[PDB]
Amino acid sequence: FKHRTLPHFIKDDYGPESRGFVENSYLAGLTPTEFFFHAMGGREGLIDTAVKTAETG
Amino acid sequence: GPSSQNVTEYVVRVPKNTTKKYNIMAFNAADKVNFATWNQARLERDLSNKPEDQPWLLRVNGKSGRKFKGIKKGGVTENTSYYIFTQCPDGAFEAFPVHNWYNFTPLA
Amino acid sequence: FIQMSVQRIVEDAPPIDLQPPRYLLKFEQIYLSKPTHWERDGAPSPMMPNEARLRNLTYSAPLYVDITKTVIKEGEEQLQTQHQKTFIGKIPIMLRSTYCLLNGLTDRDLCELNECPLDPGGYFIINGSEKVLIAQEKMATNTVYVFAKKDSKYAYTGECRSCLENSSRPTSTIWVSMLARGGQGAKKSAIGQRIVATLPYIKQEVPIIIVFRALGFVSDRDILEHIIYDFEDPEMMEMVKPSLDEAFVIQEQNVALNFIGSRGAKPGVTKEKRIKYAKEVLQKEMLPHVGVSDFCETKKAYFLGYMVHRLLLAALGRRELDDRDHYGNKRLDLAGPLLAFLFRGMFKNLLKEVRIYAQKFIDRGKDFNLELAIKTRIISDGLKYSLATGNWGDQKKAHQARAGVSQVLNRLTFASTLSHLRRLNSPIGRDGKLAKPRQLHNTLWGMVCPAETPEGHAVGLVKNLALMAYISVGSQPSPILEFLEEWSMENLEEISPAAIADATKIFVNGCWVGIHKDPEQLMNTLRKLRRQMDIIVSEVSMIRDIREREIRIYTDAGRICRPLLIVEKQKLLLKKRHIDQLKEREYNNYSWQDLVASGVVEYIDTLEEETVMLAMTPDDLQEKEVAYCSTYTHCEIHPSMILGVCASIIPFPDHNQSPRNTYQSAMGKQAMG
Amino acid sequence: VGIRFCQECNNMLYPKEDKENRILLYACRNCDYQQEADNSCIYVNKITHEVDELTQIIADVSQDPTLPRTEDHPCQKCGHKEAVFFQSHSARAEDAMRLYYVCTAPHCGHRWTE
Amino acid sequence: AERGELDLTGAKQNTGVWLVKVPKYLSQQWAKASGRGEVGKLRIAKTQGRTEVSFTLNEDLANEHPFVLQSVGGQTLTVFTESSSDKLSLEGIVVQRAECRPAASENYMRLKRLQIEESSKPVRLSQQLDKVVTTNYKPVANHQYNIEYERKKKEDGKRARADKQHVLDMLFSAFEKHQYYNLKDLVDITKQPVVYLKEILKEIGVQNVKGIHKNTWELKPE
Amino acid sequence: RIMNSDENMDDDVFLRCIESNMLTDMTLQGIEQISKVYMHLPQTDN
Ligand SMILES: [Zn+2]
Ligand SMILES: [Zn+2]
C-alpha cells in the first residue's frame, strides 16, 4: 500500500510484527496478518523452482 | 446608504416575443476597454469560414482602428437559460432571453 | 449486456441515407423471445436445456428489431413505412439468467425437467458442450500513469488510454514523454530536456507547445497557466523554459496545424487538406473521453495541462511513480463487457452489407426490398463460432485474435465446478520469466485467494477470487453530476486560473469536471447519501487524498469490492436489534438488502481501501487503552473470508507450511465423488 | 530568479545587454518592449537541494484517520496537547528519518520539526 | 446604412444591462408567460450588510426564489440585438450577473428526483416478447418485381428503321454542339440497336479513344 | 570570467553551455569508468 503493508496498521510503522516477523509456532497457529506474509514468502520460493528446471536443461 | 437601505419591489414580465434576437458580447476585463473610444463599429460574420453559427468580426474605429474576433460558446441553454433583465420607466422589470454567447478577443 | 448494452448499440448507429430519389433506414426497438427449436418440418417448440445436451443442439434465442423506411425524392410527398419485428439472428443464452426457461422455478419443477436444483448456472450450451467465459484482466483506463523506462531515450513517461463511454472499437492512447538528460551533445547540454508528445495517427514526435497552439492559446502567458497553477514556484518554471525555445519560431495557429498535419497516415500534397487532416485527428482522436464534439476545446487544454503538470512533479521528486501491478489499477472483463465488444464488430458488418446490396439494386432504379438484404447468418454464426472455439476474433481472423477464453466446464467434482465459474486470468505471456507479474501483491488482501494457484508454467497467472469479493456492474454518472453542480462546484470554463492553487480538483470517472473550496464537508455529505441510498448506488467508490489535494469518483464496471462493517467514534454500528431480527428471515422478510440500506455495512473498493483504517476484530481492537490507533473507520466481519473456494475446505489451514496449502487446493479439484 | 512577461503581447521577456549604460535590459522577441532589471542576476542552480519540507506540507493533513497521534508534544502557538507526526515521504531519502509534526486543533495548522 | 454596419449607440450611451441565469424548468414556465407576457414581480431589499433580490412568479404563471449575485469580473459583457427587421443594435453593457437558486423549499435528493421526474422515461429498453412473431409471409410476385414489370410493358425497344437518313439529321445535329459524344450519349438519342447504331455511327464517322477509353464517336473532318 | 580576447554566437548561452559541461566532464581524480570502490579486511583464509 502507500506507506503501509496492510490496512490494519498505521502509516510508516517499522516494528517487527508490522513487517513480517511471525512470532508464533506451527503448533500454536498463526494470526491472519502473519498467514498472509507467510503466503508471500512461499509464493516466491515456489516460482524459483518452476524457472530452474527449464534453464538448467 | 441606500445600497444599504433602498428597499423596493418591482413587477417582472417575460414577453413571448421580441423584435430582435439577444446575444452576449463578452469582453476581456483585463484589457479594460474604453468604450468611449469607440466612435463607430462594424460587425460582420467572420470570413475564414468561407451564418447563424458564424463567428463575429468586430471592427471598431475603422477597419483597423480596432478589431476583435468573437467565437461562439459551446452551449448557452443546455441546462439553464440566460435572461437579460432591464429596468423600465414604470419601474417594472423586463426580461430578455439570451440567444447566444460569443467570446470576443483582441487582435494584433 | 442484454437489457442495455444491446439496445444502445443499434440505437446509436448512423442511418444509411443512400441514392434522383434517396431512401432512409433506421432501427428503433429490439425484442427477444424464449429459446426455441425449429423442427424438421418448420414447427417451433421451446427447447429445454436437457435436450440441448442430448441432441447436441445450441441454446439460443431469436432476435427481432423495428425498422422504418422513408423515401425522400421531394416528389411533393415524403413516403414513410416501417416493418416491425424483423428477424436478425440468434443470441446464446446463459443458463439461469432472467431470459432462460429456468428462471424463478421451484425445486418441484426443476426436478420435473430432469435438472439439478443445486446446479449453479452461469454457462452456455453450444453444440452440446458446456462453455464458460473466463474473466480477463485489463489495465484501468481514463487515468494518468507515470512510469520510467530505464532503457530508452525517455527519462519519464505518461499514459492515458481513453474510450468514450462504450462507443469506440479502439481506445486511443497518448504519451507525454520527456527526453533524457545525458544526451551527448554540445548544444542541448545547456538548455536541458524537452517535453515531447507522441500523438496517435501521426509518424513523428511533436513538441507540446506546438500541439497547445493548434487549439488556440498562441500566447505564452495563457499556455503557462494551464500547465503551472502557481507562479511563486521558480523550480518548476525553470524546467518548462527550455520547452518554449524550440517552439519559438512557429508562432501561429494555421502554420502549427500544418506542422502536425504534414506527418500523418497520408502526407498532404496540398495545404488545405493538411489543415483539414490535422483538425479532426486533434479533435476526435485526442482524449475522446473528455469530449468529442468540435466545441468545448478548453477542456482538452486543461486535461492536457494536468497531464503535463503531473509529469513535472515526477521529475522534481514531489510525487512517487505509479505501480503497474497495484491491484487498484486493474479492471475485469466479465461476460457482459466481452459479448458487447463482439457484437459491435458484427452489427457494423451487417450494415456494411446492406449498402452493397442496396446500391447494386438501386442503380437499375427498380425499387428496394429489405427483408432480402439482411444476411441473418452474420450474427448467429458469428457469436456461436468464437464462443465454441475460443479465439476472440473472426473466422477468417484465426490469427489476429486473443486465445484462451471460453473453455469447457469442469465436472469432475462439485467443488471443481464452483472453482471454475470464479476464476481470473492475466493476459501476459505464459512463459515470460519476469517475476513481478507473478509474485503476490499486498493489494490482493481479501479479493483474491492467496494460496490457490496452479504450478508449472502458469504460476500466478490464473487466480481465483475470494468468498465475499463482489465485482461491480456499472452505472451512469448522470445523477451525481446534477447533484455536484448544485452543491457549489465551479465549472472549469467560468473560473480564473489563479483561483486554482488552494482548491481541490474534482474528477468524476476520469474527467476533470470542476473545482471546490471546502472538500471535507463535501466528502462526508457524499458519503451519508450513499449510506442510505437516495441518489447514489452502493457500488461507487469515492477517494480523497489529502496531500495531492483532489477527489476522485468512479462509476464504471470492473472494479472489485467487498463488504465491511462501518465504525463510528469507537463502537460498531451493528447493535443487537439487528441480530435478533436477522435470525428470522424465514417469516419476516428482513435480509441482506435491508442491512445495507440501513447504513451498517458498506462495499469498499481497492482504491478506497488506501484511505481507510481497519480493525480485524471488534471485542479486541476497539477497547480504550494505551492503544495502537483510536480512529478506526471500519471493521472486518470474519478474517476467514480471505480464502477461495478450494482452499476453504482445509481444517486448521493456519498450522501448515505455506506451499502445502497450494498443493491441496490444486488437488481437491481431481478427487472422485 | 523569477520570470518576466511582456506588457504588450504577454510573452517571455529575455535578458539583453546594452553597451551604453552597463545595465541589464529585459527585451521581447515578438515586440521590442524594454525595461531594466532590479536584481541584476539571471541564473541560479541549487545542487544541495536541502529544502525543508516545512514549506511543502499542508495543514489539512491532520484530518487523516490513518496517521499516528501523540499526547507528548503539545503545540506552541496554541497549547493544544495532541499532534500527528510522519516522515519525509519524498525524495532525498539518504538520511531521512526525521519526524515532522502538525497540530490537530481546528484552525491552528502549526507545523514544526524537532 | 450597410449590412455589416454595427450600431454603437448603446455602448456610446454607456447603456447598462443585467444578466441572469435561470433554470430550464423555470424557463419552461416562462415560455408560458402569463397571458400576453406578464410573469411575476422582482423584489429588491438592500440593508447595511445584506442586499436581497428575489423574483416571485405570476399567480397565473404559478398555475421565494432568492438570487445569487455573480461577478462579471474577468469578462465585462454587453448585449447586442438582431431585430425581426434584421437591423442590429447594441442595447447595453452588463452591470450585473445573478443565479436563481432554491432555498429551504426542497431537499437535494428529491430535487434530483424532480429532475428525474422531468426526464423519467427509460431509454429504448429491450422488452420481453411472448412466443414468436411471424417472420415468413406467402407473397406470389415480389412487390419490387411487379413495379419493374409494369415499367417494361410501357416501352418495347423492337422498333422499326425506315427513313434511316433522319437519324443522321439528329446525330449531326448533336455532333456540331460537341465534336465527340460517348456511345452512351448517342444511344440516349437513338433507341435503335447499338450494333446497327454503330453501323450508322461507322457509316458517317469514326470512334476515337479521345484518350480515356470511353468509346466516343466524332464526325469525319472531311 | 571568459578570456576577454574573444570580445574584440552569444556569450551567455556559451557560458551556460560551459557551466553545464564542466560539472559532468570534470575528471577530478581516478579512472573514468570505475564508479564506487569499497574497503574491508577479510576474516576468512580465502
Ligand atoms: Zn512582447
Ligand atoms: Zn496548535
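Residues numbered from 1 in each chain as written, not as in the entry; some residues may be left out. Chains lettered and ligands numbered in written order. Part of a larger assembly, values for the part shown. Heavy atoms only, no water.

Draft legend 1. Highlighting helix α14 (residues 519-530) of chain C. Between its first and last C-alpha atoms α14(C) spans 17 Å; for 12 residues at 1.5 Å apiece the expected length is 16 Å, and the two agree. Listed in full, the buried residues belonging to α14(C) are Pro519(C), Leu522(C), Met523(C), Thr525(C), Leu526(C), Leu529(C) and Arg530(C). (Helix = DSSP H or I, 4+ residues; strand = E, 2+ residues; numbered from the N terminus. Expected span 1.5 Å × (residues − 1). Buried < 20%, exposed > 50% of the residue type's maximum accessible area, 1.4 Å probe, protein only.)

Draft legend 2. Highlighting the coordination of the zinc ion (ligand 1). Residue and element names in this part refer to chain D. For the zinc ion (ligand 1), the full set of protein donor atoms is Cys6 (SG), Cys9 (SG), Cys28 (SG) and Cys31 (SG), and the range of their distances to it is 2.4 to 2.7 Å. Of note is the zinc ion (ligand 1), whose four donor atoms meet at the metal with angles of 88 to 156° in an arrangement that counts as irregular. The sequence pattern describing where the donors of the zinc ion (ligand 1) fall on their chain is C-x2-C-x18-C-x2-C. Like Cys28, the residue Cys31 is buried in the burial classification. (Donors = N, O, S within 2.8 Å, 3.2 Å for Na, K, Ca; no water. Tetrahedral: all angles 85-135°; square planar, octahedral: opposite > 155°, others 65-115°.)

Draft legend 3. Here's a closer look at the side chain of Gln144(E). Note that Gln144(E) resides in helix α4 (residues 143-154). Its relative accessible area of 14% is what places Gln144(E) among the buried residues. Sequence-distant contacts of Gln144(E), that is, excluding residues within four places in its chain, are made with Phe361(C), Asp367(C) and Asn369(C). (Contact = heavy atoms within 4.5 Å.)

Draft legend 4. Representation of the interface of chain E and chain C. Each partner contributes to the interface: chain E provides 21 residues, whereas chain C provides 35 residues. Together chain E and chain C conceal approximately 2,700 Å² of surface at their shared face, both sides included; 58% is due to carbon and sulfur atoms. Contact with chain C buries surface across chain E, with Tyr108(E), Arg124(E) and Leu129(E) losing the most and accounting together for 25% of the total. On inspection of chain E and its partner chain C, the count reaches one salt bridge. The closest approach of N and O atoms between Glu11(C) and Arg124(E), which form a salt bridge, is 3.5 Å. Taken together, the connections running from chain E to chain C amount to seven residue pairs in polar contact. Breaking the side of chain E that touches chain C down by element, the ones donating at least two residues are α3 (108-118), β8 (127-128) and α4 of chain E. In terms of residue count, α3(E) provides more of the side of chain E that touches chain C than any other element does, five residues in total. Across the side of chain E that touches chain C, the residue classes tally to nine nonpolar, seven polar and five charged. Strand direction decides the pairing type here: strand β2 (residues 26-32) of chain C and β8(E), joined by two bridges, are parallel. Bridged to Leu32(C) within β8(E) is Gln128(E). (Buried area = accessible area lost by both parts, 1.4 Å probe. Salt bridge = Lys/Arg side-chain N within 4 Å of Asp/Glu carboxyl O. Polar contact = N/O pair within 3.5 Å; in protein donor to acceptor, adjacent residues only side chain to side chain. Nonpolar A, V, L, I, M, F, W, Y, C, P; charged D, E, K, R; others polar. Pairing = 2+ DSSP bridges.)

Draft legend 5. Here's a closer look at the arrangement of the chains. Interchain contacts are distributed over eight pairs of chains, and the most extensive set of them lies between chains B and E. Structurally, chain B and chain D remain out of contact, their C-alpha atoms never closer than 9 Å.

Draft legend 6. Inspection of the interface of chain E and chain B at higher detail. In this complex, chain E contributes 55 residues to the contact, which on the side of chain B involves 54 residues. Broken down residue by residue, the surface that chain E buries against chain B is led by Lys46(E), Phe80(E) and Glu82(E), which jointly contribute 14%. Inspection of the region where chain E meets chain B yields four salt bridges. A salt bridge links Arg42(B) to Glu2(E); the shortest N-O distance between them is 2.3 Å. Inspection of the chain E/chain B interface yields 30 residue pairs in polar contact. For the side of chain E that touches chain B, the secondary structure elements donating two or more residues are β1 (5-6), α1 (9-12), β2 (16-23), α2 (24-30), β3 (38-46), β4 (51-57), β6 (75-83) and β7 (88-100) of chain E. Class assignment of the residues belonging to the side of chain E that touches chain B gives a composition of 24 nonpolar, 17 polar and 14 charged. Note: strand β2 (residues 20-28) of chain B against β6(E), nine bridges, orientation antiparallel. What sits directly across from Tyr22(B), in β6(E), is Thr81(E).

Draft legend 7. Local environment of helix α11 (residues 380-389) of chain C. All names here are of chain C. Within α11, the full set of buried residues consists of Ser380, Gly382, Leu383, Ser386 and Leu387. In this fold, the buried residues of α11 make contact with β6 (79-92), β7 (124-126), β8 (129-132) and α10 (336-362). Positive phi appears at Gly390, one or two residues downstream of α11, with a value of about 110°.

Draft legend 8. Local environment of the coordination of the zinc ion (ligand 2). Residues and elements named next belong to chain D. All of the protein donors around the zinc ion (ligand 2) are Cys75 (SG), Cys78 (SG), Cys103 (SG) and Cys108 (SG); their distances to the metal are 2.3 to 2.4 Å. Geometry at the zinc ion (ligand 2) is tetrahedral, judged from the four donor atoms that bind it and their angles of 104 to 121° at the metal. Sequence spacing among the residues donating to the zinc ion (ligand 2) works out to C-x2-C-x24-C-x4-C. With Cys75 in the loop between β4 (69-70) and β5 (83-86) and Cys108 in the loop between β6 (100-103) and β7 (111-112), the pair connects residues that are 33 residues apart, well separated along the chain. The burial state of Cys75 is the same as that of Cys108; both residues are buried.

Draft legend 9. Representation of the nonpolar core. Residues and elements named next belong to chain C. By size, the foremost hydrophobic cluster in this structure holds 56 residues, and its most contacted members are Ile195 and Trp512. Counting residues per element, the ones that place at least two in this core are β12 (172-179), β13 (195-198), α4 (208-213), α5 (220-226), α6 (234-240), α7 (253-261), α8 (272-284) and α9 (299-313). Ranked by residues supplied to this core, first place goes to α9 with nine residues. Residues in contact with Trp512, not counting those within four places in the same chain, are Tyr229, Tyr302, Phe303, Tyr306, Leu492, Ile500, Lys505, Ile506 and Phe507. Counting residues in each nonpolar core, the second largest holds 55 residues, with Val6, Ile30, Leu339 and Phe368 among its members. (Core = buried A, V, L, I, M, F, W, Y, C linked by side-chain atoms within 4.5 Å.)

Draft legend 10. The arrangement of unusual backbone geometry in detail. The backbone phi angle of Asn589(C) is positive, close to 55°, even though this residue is not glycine. In this fold, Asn589(C) is placed in the loop between β25 (563-566) and α15 (593-596).

Draft legend 11. Just the domain arrangement of chain D, in detail. Under the domain assignment, chain D is made up of domain 1 (1-45) and domain 2 (46-114). Between domain 1 of chain D and domain 2 of chain D, the C-alpha centre-to-centre distance is 40 Å. (Domains from an automatic or database assignment.)

Draft legend 12. Just the packing of aromatic side chains, in detail. Evaluated as defined, the whole model comprises 38 aromatic pairs over all chains. Pairing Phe483(C) with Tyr108(E) gives two aromatic rings, centres 5.8 Å apart and planes at 55°, and the pair type is tilted. Here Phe483(C), found in helix α13 (residues 478-485), pairs with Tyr108(E), found in helix α3, and the two come from separate chains. Here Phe483(C) falls in the buried class, since its relative accessible area comes to 2%. The structure contains a cluster of three or more aromatic residues connected by ring pairs, namely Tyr229(C), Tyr302(C), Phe303(C), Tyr306(C), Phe507(C) and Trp512(C). One cation-aromatic arrangement involves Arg552(C) over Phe507(C); the distance from NZ or CZ to the ring centre is 4.9 Å. Over the ring of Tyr82(B) we find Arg97(E); its NZ or CZ atom is 6.0 Å from the centre of that ring. (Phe/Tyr/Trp six-rings, centres within 6.5 Å; stacked < 30°, edge-to-face > 60°. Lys NZ or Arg CZ within 6 Å of the ring centre and 35° of its normal.)

Draft legend 13. Spatial organisation of the UniProt feature "binding site: Zn(2+) 2" in chain D. Residue and element names in this part refer to chain D. The UniProt entry lists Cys75, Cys78, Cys103 and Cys108 under the feature "binding site: Zn(2+) 2", expressed in the numbering used here. A maximum C-alpha distance of 9.0 Å is found for the annotated residues, which run over 34 residues; spatially they form one tight group. Excluding anything up to four places from it in sequence, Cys75 contacts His80, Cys103, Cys108, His110 and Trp112. Locating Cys103 in the fold gives a position in strand β6. Not counting chain neighbours up to four residues away, the residues in contact with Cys103 comprise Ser62, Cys75, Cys78, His80, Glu82, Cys108, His110 and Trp112. (UniProt positions renumbered as here; feature names shortened; annotations may be inferred.)

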